[PDB]
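S.K.: Partial complex here, more coming in a sec:
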Amino acid sequence: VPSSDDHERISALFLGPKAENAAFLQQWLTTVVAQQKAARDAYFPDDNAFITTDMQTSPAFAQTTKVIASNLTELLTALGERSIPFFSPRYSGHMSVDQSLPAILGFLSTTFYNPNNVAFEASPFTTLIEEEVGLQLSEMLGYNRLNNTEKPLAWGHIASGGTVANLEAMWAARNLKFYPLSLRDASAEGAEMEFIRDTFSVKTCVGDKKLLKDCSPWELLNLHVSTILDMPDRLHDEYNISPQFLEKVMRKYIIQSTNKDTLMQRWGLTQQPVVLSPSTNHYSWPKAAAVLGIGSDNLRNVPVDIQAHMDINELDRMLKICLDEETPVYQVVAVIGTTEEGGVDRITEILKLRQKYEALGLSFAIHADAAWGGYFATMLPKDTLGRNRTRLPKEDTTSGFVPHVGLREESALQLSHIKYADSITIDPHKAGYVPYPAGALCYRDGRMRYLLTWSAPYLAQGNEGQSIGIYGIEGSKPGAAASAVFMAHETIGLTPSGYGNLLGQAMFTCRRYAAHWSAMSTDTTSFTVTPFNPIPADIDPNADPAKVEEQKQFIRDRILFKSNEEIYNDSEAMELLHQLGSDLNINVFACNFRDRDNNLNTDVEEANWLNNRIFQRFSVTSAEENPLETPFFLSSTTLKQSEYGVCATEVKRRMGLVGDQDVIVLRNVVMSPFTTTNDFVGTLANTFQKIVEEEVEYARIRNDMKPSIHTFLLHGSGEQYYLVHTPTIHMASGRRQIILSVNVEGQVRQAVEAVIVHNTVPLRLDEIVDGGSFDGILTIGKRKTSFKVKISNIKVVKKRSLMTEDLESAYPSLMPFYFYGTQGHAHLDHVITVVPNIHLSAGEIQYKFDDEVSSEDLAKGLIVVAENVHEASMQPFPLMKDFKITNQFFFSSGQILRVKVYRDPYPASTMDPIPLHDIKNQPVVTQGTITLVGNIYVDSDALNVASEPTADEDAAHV
């Protein structure tokens, strides 16, 4: 019999999806006001009012209260109508959710006092609160908060966010690395601490005891963290040097004052120290490098493996490169809960690598970016043999059962080793359920924070409260943020039975979502859904597909659309459910589609089209949308090949795609403990499926190769005519570049405006072959009258594929054109080598070359490259609605192209790639100029998906 007590216990923490808890909130707000009144009365009770009743009933006062009331109601109305409804379980996109009422109430209660934690005398109470919050976080993460033991004493503080926490960690690591060189300078002959240099020793990285003055620069750049952090205490213990003197003397030698590059230059050092970090690291990492004057070039990114974890062998190889080149390493970043997939780097392996490299003389700090993952350490098991008190029974079985579940074994292993990192970022305003702003940084050894200053630690005195706000980036800071986090910690509980219970219910919800992503699509649905984390039987890439399909059907029969109670009573179902989806509650998955004969799409850009449209249906990305009409919210990301390498390749492989392009995926962050109530998740799954099916129909129309109607520009005169197809990427059947010489049978003859031919009988472009013919219709620009015509005697000058698989990824430096026609009557058409691109054609041109070109070359079609048109530098071209063509446009009447002329090295008709990157190495036929005269066609929309309607607009037009 399943108990509802654990879900009921956390249901009281939130206002609720339907504001079910509003009466409790009203009571708590009334208490806040009463207490405020009591406290302001208690401060000098004999003071009379400054705001009298006669003042309060005057017209100006009343006018101000009416303005406040009106502005307030207008803000509340607009917030409800225009914000994302994170409070609803329909939202499961980013790291957003209904926040905990204890946090909101802590912040509100404290803002009436508006304490400023930059200084004790402005925050005598909330400075102590914030210090206690830092130590709560530290202990929860496994650091030591006890004084006078053998372990280092941790310290923690609140910052505006994990971005500033990561910046501070990198700043401390920057200053740490150079401290021993600064101290060596400060103790050089002639300097203020020369008197220590003949006796002051350190342990070098490999453990040898040497005088600081006898260490090589490399040795000084590789002292262990503890070796460096111990130096001020050691100087005091061993020479009775005061912290005041030490700080004063060191001011002129530390990089806070001189910057690291002046110090390096004096020391003859040329290798910039680096930070090592996974290729997919949060933006705050390269940004901190740029801010700190390290430079993002010196944030060296470590490739990831197929599950997006930092590749340990690659980290090994890059640490070896640093050792061999004497490039110091400030810091290695372990991402504990990646932003995009919720994965956990193997910090156990990073720690092993540190031991390995310290034996070779290379040392570095380790930082755990646990901005997202940190709070999941509350799910680590804790010794229960310490509790012996009566426990109120858990015997409720009211409707409203939601179980918690536990961490995956690997996640628990890494979470229990983050306590060995030298510092840890963790965001209460991510998985702590505290509203923004509330980030946090904890140091394993709190003395590290003094590196962020020009100061040395003093002995604290009881008669002077210590300011906790001078050890970071910021200045003024809200003590209210500390009260908020503190209220969350004390009310929810930093234990398995508190936060562990809440996050375990979110994790059960996450796995229930993942079951749907993992089994929704079949062999015959129009769509496929592929989870980023394969189901157990699917992990092996050579698995028996029968076993994979069997496990998917097991999911359909035993998990999907069942109640929590039925599932929890099914041991096998729970064991399987335990293994589905993200390590830490961030499911990634992606859709593909099949045509109507059930053939899977393999084009990465068409899968991207589909997945981006699904995202658009399930998100708000413009002010035009009514967000209350979105029934379900996801996020989305692009796995760039260059950052996700083998991982992005494997995602594409399992989706059934072929190609090197970056792949778009969907992201489903799960923080809600409510979604599985009454199997609401199933409803969401069904909603998702319905929308996917709609978008797949569009995809199928987009990619249908049935015969259809095509458009062609006409070039030439009665002497000889050419047709130039107007390609498009909006239809798979239009993704061809085609130029033909033809005869035109009909009554057309007019010697400004485009002449356009459509085929009247539907046809496939690929069926146009030498000798063919077809009937058509002419349309002189906007003229209402039309002309019937017969296209005969077709000769294919060019027929190339504009399919993804046949295009290039890099634009040409100089713009290439097909150059075709007859002597004295040539024509131009921009070669489409990449999309997005721009169609450029010129029917009437004047060419002059240093060598006359033969009729054979002109008929076969040459390639001319414009030395004065730098195509790549202009890409992508603005959409037609966003730029005006004038005579200054580079492709307009009167413009002159200076060109080199080449023979086309590929056959007339080809469905294979035609790379032209090195066309400049082909034999040059001749060179000269081309002046554009007329019959010019310019279209930057047809070859660019950005001109298409969004899924929001299409859905609104139904």
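M.R.: Done, it's in. Numbering: from 1, shown residues only, chains lettered A, B, ... in the order given.
S.K.: from here on, contacts and neighbour counts on C-alpha atoms
M.R.: Noted.
S.K.: so what are the domain limits for chain A?
M.R.: A:1-98, A:99-497, A:498-707, A:708-958 (curated CATH domains).
S.K.: would JSON lines of the ones you listed with mean neighbour count be doable?
M.R.: Putting the domains of chain A into JSON lines (neighbours: other C-alpha atoms under 10 Å) gives the following:
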{"stretch": "domain A:1-98", "mean neighbour count": "14"}
{"stretch": "domain A:99-497", "mean neighbour count": "19"}
{"stretch": "domain A:498-707", "mean neighbour count": "19"}
{"stretch": "domain A:708-958", "mean neighbour count": "17"}
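S.K.: Just say helix, strand or coil for residue A:262.
M.R.: Following DSSP: H, G, I helix; E, B strand; the rest coil, residue A:262 is assigned to helix.
S.K.: Show the contacting residues for it.
M.R.: Not one residue lies near residue A:262 by C-alpha atoms under 8 Å, 6 or more residues apart in numbering.
S.K.: Now do it against residue A:273, distance only.
M.R.: Between residue A:262 and residue A:273 the computed distance is 14 Å (C-alpha to C-alpha, to the nearest Å).
S.K.: Repeat that for residue A:462.
M.R.: Relative to residue A:273, and taking C-alpha to C-alpha, residue A:462 is found at 41 Å.
S.K.: residue contacts, residue A:467?
M.R.: Residue A:467 neighbours (C-alpha under 8 Å, 6+ apart): A:117-120, A:127.
S.K.: whoops, I mixed them up, residue A:158
M.R.: A:130, A:134, A:438-441, A:481-482.
S.K.: How about residue A:251?
M.R.: Residue A:251 sits in contact with A:257, A:454, where contact means C-alpha under 8 Å, 6+ apart.
S.K.: which SSE is residue A:165 in?
M.R.: helix A:162-186 (DSSP states H and E).
S.K.: Which is the succeeding secondary structure element to that helix?
M.R.: Past helix A:162-186, the next helix or strand by DSSP H and E is strand A:201-203.
S.K.: Can you list the strands that the next helix-or-strand element following that following strand pairs with?
M.R.: Remark: after strand A:201-203, the chain's next helix or strand is strand A:209-211, criterion DSSP H and E. Strand pairing for strand A:209-211, using DSSP bridges, gives strand A:201-203 (antiparallel).
S.K.: include chain B as well:
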Amino acid sequence: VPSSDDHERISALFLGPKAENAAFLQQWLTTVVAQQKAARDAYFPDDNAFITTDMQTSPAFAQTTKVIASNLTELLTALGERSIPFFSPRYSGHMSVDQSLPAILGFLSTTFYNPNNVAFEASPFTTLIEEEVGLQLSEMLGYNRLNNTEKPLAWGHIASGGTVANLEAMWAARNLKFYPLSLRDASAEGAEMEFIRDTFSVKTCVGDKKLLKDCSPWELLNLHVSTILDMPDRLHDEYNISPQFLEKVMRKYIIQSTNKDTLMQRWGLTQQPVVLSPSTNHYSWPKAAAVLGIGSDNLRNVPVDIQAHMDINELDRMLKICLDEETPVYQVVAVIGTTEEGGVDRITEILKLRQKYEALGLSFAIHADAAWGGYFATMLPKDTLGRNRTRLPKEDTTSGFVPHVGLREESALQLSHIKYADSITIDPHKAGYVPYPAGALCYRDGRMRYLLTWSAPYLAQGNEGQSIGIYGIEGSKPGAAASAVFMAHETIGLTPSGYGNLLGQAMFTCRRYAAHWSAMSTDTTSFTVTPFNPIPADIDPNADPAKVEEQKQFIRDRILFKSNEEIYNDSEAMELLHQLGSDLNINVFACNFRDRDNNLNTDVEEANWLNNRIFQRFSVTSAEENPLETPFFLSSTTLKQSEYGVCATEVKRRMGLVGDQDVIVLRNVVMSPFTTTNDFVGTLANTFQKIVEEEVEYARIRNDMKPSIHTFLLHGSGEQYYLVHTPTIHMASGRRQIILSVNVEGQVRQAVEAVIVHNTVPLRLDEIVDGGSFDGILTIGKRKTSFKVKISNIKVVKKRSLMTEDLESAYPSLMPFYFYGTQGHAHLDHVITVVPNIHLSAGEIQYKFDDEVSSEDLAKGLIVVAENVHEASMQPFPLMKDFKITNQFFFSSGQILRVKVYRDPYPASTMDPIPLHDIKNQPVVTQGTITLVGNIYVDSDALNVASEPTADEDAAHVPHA
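M.R.: Chain B added:
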């Protein structure tokens, strides 16, 4: 007849000193809850409850609600008993005050939605709010918010505070400075934009048109801000280059990627660019330089003038140095409302200097640090000829008149020119009455923000909301902060009649305070109070003192303790009041004291003692205090000589002090519009005066030179005895270093433990002269018994002054000792050359020198300097309760001192300085070693003010009702 309307209008904006407006707040909170419910019901109305009634009445749910209620009441009770009561007008110390209810309500209303302004799709509404707030601030500050005009389009955003806003402004200035070098690299031969290099020109700093590729590195380092910001648009307009291509290509050349120092080395550049900023700038400036890898050494500090304004002539001299040495200047910081004094730098003169140096080829961005001063631009006059609608009358005269007053002319001039700075920092959570966290940064030309990125501006599209959170230091950020500022702006009003009214009332209150600081003390009070901003008749340092006293008496007769109505009806009184105190609401002042014969103290450290104790009485600096017992709150600061130079000198001069030491001053930030009601300001003045008189009594006791009882260590044996006075700085009468040879008449003979003599009849140390005598009592260590003795045949071996004026400011590198006695029986006593210090004496020692020293030299007393005791490195010595003496202590039995020996170049007795800094250049008598044997005395508390009780502890020991 004065109107109460303007004060009534702003009284409704705050919960109130006594929470008078709690019923209004209760109503508004009820509305917040009601609307949250209506909103969550409106999103998919057919969704049923997830939290049912049966869940809400279950025992686990009820237990969680009881825990919430219990934690909430505990937090509220503790906040009320343990926080500073900023809500009361009794508080007037730092930039803290009761915050506006519209702001608190905007933040609360929005946190239920918890929007994240890092990305539009997480904040489709509050991103727009934050952009609108940025443009509101920009327009208020005088920037342009209109599109499609000739003026640049400003942009602003909210940051966690002014520290991060200053950091972003300096980061933007750093990347701006190097952009043209990066673009030159990106268009070099072989590079991706080589094709522009033969046609792409810029205007150099002096205005000549040159190809970018033909500029010298110095010329590229001095292009104007607008020249640089125009480059992406120009490349697009002139070569049709796309922003995508430009961004991608430039990533490898910009210092975001390479850092400035690798770029500089590739260009052969050796002068670090600098930031120029006043010597008194907020800590956020040197910290930003340190963060950004510029280094605080390259934040060059500009000295201030006697009113703490950046000295414009000194800035001129420093810019000339930069020009001559080809040191680029990132940025010049004009502080508009200094943190310590509320002063306004003359940015008009800085703009003139910019014109001067641009004509010479030196250019720099200008940043206005208006973190505090910015909101005072709402008090600038505005054209009212645009308003023609009916105005509800201002005819209320109920009790509660508080007038607003206007800016000083100089403040208005500078505030109206900050719109010419390239960027402006301003804090809603300082003078905006918005709770923390809410700082802000505005760019005159919003395109500058793209320097904080690897991006180039794209053309916006309607179907995609633009994220406003990728242009700064931070990541996730609360849309709630933007709602808070937005509500405060809409409700209070960014106009002279809105914020201008509120701040004008605070400024009237500030001047009412300043009147007390300016006239409270007389010729015969035991204390003096000296304002940092002199009264008009006192500005001239050679003014007729009759005129100064006449104006102080005018203030006493016409302003102090009068009602607002009487003062406002007194034109002459208002004209004078207008000129008192700070420029922008931060009064600085400091106290001094007189002895009981009415002689003014001139000792800077005794004035500091007094002002620090007064501060303690009016502040909470420890967790032991009950903050609700403090009746008035001030802040305090130290004007360091090295930073405030002539300004600190002039403060000390006008207090009557003589000396080069740093001076402590008191600081009175005024943000309350309520303090003048019922002349509550007067009550506070009297409270202040009472406490000052209390502390002056302590100062008088501390500095009374009347005869008293003194302590002496006894050195030597029956052969010859010496007395070594145990000096103290806790009493002026103990501030002498004294060594005497004496005869001891009595029944004393004890051969580990200290032998101590006090005089039994009070005496003055300065009257001890050769031949004198006095009765005394011996005390063998821990012995309960005492011994009558007669000290006779006194010979003064050393008598030196330990008064502030006769001590040195820098500690000796090597420790000096007096070395005296007879051959084979010498003694040591650490020379006290600076305080704080440590008393070190050794009665029994063993010396060995390379030359035997004569009995005359030993009797007169030599100076031995210990090569192996580095005195400066150990100072200040920990207090006695904080360290335990062991045999490892450098001054303990068995320690060997390796010393040089010198003759004392000063007379036995002297009340003048005895500098020993360069003792090493005196002729060396001999050298050798001294081994400490016994009779050792060590005391680190007697010569250190840190061992004294605080003013809070003394006051706690005085009984009261």
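S.K.: Take the contacts of residue A:467 again, chain B included.
M.R.: A:117-120, A:127 (C-alpha atoms under 8 Å, 6 or more residues apart in numbering or on different chains).
S.K.: In CSV, list those residues along with distance to residue A:61.
M.R.: Below are the contacts of residue A:467 laid out as CSV (distance: C-alpha to C-alpha, whole Å):
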residue, distance to residue A:61
A:117, 33
A:118, 35
A:119, 35
A:120, 36
A:127, 36
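S.K.: From those residues, which land in helices?
M.R.: In helices, judged by DSSP state H, the following of the contacts of residue A:467 are found: residue A:127.
S.K.: Could you point out which of the contacts of residue A:467 is nearest to chain B?
M.R.: Each of these was checked against chain B using C-alpha to the nearest C-alpha; the closest is residue A:120, at 6.6 Å.
S.K.: Next one: the nearest residue to residue A:120 once chain neighbours are set aside relative to residue B:621, how far apart?
M.R.: Nearest residue to residue A:120, sequence neighbours excluded (C-alpha to C-alpha, 6 or more residues apart in numbering or on different chains): residue A:467, at 4.8 Å. With distances taken as C-alpha to C-alpha, residue A:467 is found 10 Å from residue B:621.
S.K.: any idea which element residue A:664 lies in?
M.R.: strand A:663-669.
S.K.: is chain B contacted by that strand?
M.R.: No - legend: contact between strand A:663-669 and chain B by C-alpha under 8 Å from any C-alpha of the partner chain is lacking; minimum distance shown is 13.1 Å.
S.K.: who's in contact with the helix or strand just after that strand?
M.R.: Next in sequence after strand A:663-669, counting helices and strands by DSSP H and E, comes helix A:680-702. With contact meaning C-alpha under 8 Å, 6+ apart, helix A:680-702 is reached by A:90, A:512-513, A:516, A:526-527, A:560-561, A:593-596, A:606, A:610, A:613-614, A:617, A:631-632, A:675, A:730-732.
S.K.: Show me those that map onto strands.
M.R.: Taking DSSP state E as the definition of strands, the contacts of helix A:680-702 contribute A:527, A:593.
S.K.: these two touch, right, residue A:253 and residue A:185?
M.R.: Yes - at 6.9 Å, residue A:253 counts as touching residue A:185 under the criterion of C-alpha atoms under 8 Å.
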